[PDB]
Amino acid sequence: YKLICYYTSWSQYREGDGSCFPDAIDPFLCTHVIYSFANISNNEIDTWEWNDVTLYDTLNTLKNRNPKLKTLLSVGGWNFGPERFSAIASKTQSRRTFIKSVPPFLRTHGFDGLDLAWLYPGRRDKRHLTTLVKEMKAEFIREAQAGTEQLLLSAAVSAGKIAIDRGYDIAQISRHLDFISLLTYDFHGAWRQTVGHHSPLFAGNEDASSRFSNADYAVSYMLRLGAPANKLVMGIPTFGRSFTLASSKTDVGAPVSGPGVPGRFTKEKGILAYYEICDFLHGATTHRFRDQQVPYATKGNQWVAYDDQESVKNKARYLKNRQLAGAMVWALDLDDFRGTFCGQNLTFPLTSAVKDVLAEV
């Protein structure tokens, strides 16, 4: 099984224990580690933070300890406009420029592959998104003629039924991608004035309609669309989403007035790192959606949807039972990487939990 783990560059600026560097990563934890967000400049893949080539370096040395490790640089991201991605893909010229600029870049920095994080292509981009994947992979094939191991190519893909139908020619791009990562953690959130869990596993017979909003549906659909199970990798979050309640109500559907207060370390509203969630639990009331098998806690006017060790192990058994290629953990830097925030001293509890399951039969 594969364990694709994301590391975000901007997690370096978090204060105190929040601060996270490539060197803080267990090199035997994952099978592939993806560095979060390179940019695009003058149609050429480029760096983002000032000290990226230093961190690229830090990160890639981990292979000195674990030679089986593979690293990938991911382009796009959120703070990266999809229009930009769009303007580039639609002009065979600007597109071709970008492509020819990629191999050398990764080769110079020690990466084994590129990861496309085009964040949500439109109805208009589907055709181009396909061309990009194709020609890009055609380039990676032609560049291995030089005797070096062929660079890998992957994409982080939306898990929303509408999004998939709108801008993804799945049957086509599965043939060129070494693996596809499903963003199976963005089902609630996106501003929706009722409370809810963002990464539910199952449907759960409750205040329904959103039938397609759960890893399980997302997955089945991908398979129905022609994507081979051995190329699918299911996303498992390491963060929780918060909500400032609008009333003393807590159960499903409870009214929400806006996102939650920021985490002292992550400083972004509506989101809490697993380790911050570990601290939050103290003095909180835990709950479990038995139908969807994912928990939530509450304390004061704060409601949090998150994933813990059991929920995570569960999703892990699931992908194994449907025979997928593996799991994907978003934000290794949001897990208890120091292993000193969540009690029982284990470094990277959530990711470890997943690894243990993947390591059983």
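We number the residues from 1 along the sequence you see. Between two forms, the rigid core is defined as the largest C-alpha subset superposing within 1.5 Å.
J.: Between 221-229 and 188-196, which has its CA atoms farther from the current form in 6 other deposited structures of this protein, using a rigid core superposition?
T.: Relative to the shown form, the greater RMS C-alpha distance in 6 other deposited structures of this protein belongs to 188-196.
J.: Given a rigid core fit, name the stretch, 110-118 or 205-213, whose C-alphas are on average farther from the form shown here in 6 other deposited structures of this protein.
T.: Checking 110-118 against 205-213 in 6 other deposited structures of this protein, I find the farther stretch is 205-213.
J.: Which is higher on average in the deposited entry, the C-alpha temperature factors of 284-292 or of 68-76?
T.: Mean B over CA atoms: larger for 284-292.
J.: Of the two stretches 96-104 and 81-89, which shows the higher Cα B-factor on average in the entry?
T.: Mean B over CA atoms: larger for 81-89.
J.: Can you tell me which of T31, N321, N301, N314 has the highest Cα temperature factor in the record?
T.: Comparing C-alpha B-factors across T31, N321, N301, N314, the top value belongs to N301.
J.: If I read the C-alpha B-factors straight from the PDB entry, which of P200, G253, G110, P121 is highest?
T.: Across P200, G253, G110, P121, the entry lists the biggest C-alpha B-factor for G253.
J.: Compare the C-alpha B factor of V354 with those of the other modelled residues in its chain, then answer lowest, middle or highest third.
T.: CA B-factor rank for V354: lowest third.
J.: Sorting the chain's CA B-factors, does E49 end up in the lowest, middle or highest third?
T.: It belongs to the highest third of the chain when residues are ordered by C-alpha B-factor.
J.: Can you tell me which third, lowest, middle or highest, the CA B-factor of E268 falls into for its chain?
T.: It belongs to the highest third of the chain when residues are ordered by C-alpha B-factor.
J.: Ranking the modelled residues of this chain by C-alpha B-factor as given in the entry, is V195 in the lowest, middle or highest third?
T.: Answer is highest: the recorded C-alpha B-factor places it there.
J.: Ranking every modelled residue in this chain by its Cα temperature factor as given in the entry, which third contains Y275?
T.: Its C-alpha B-factor, which the entry lists for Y275, ranks in the lowest third among residues of this chain.
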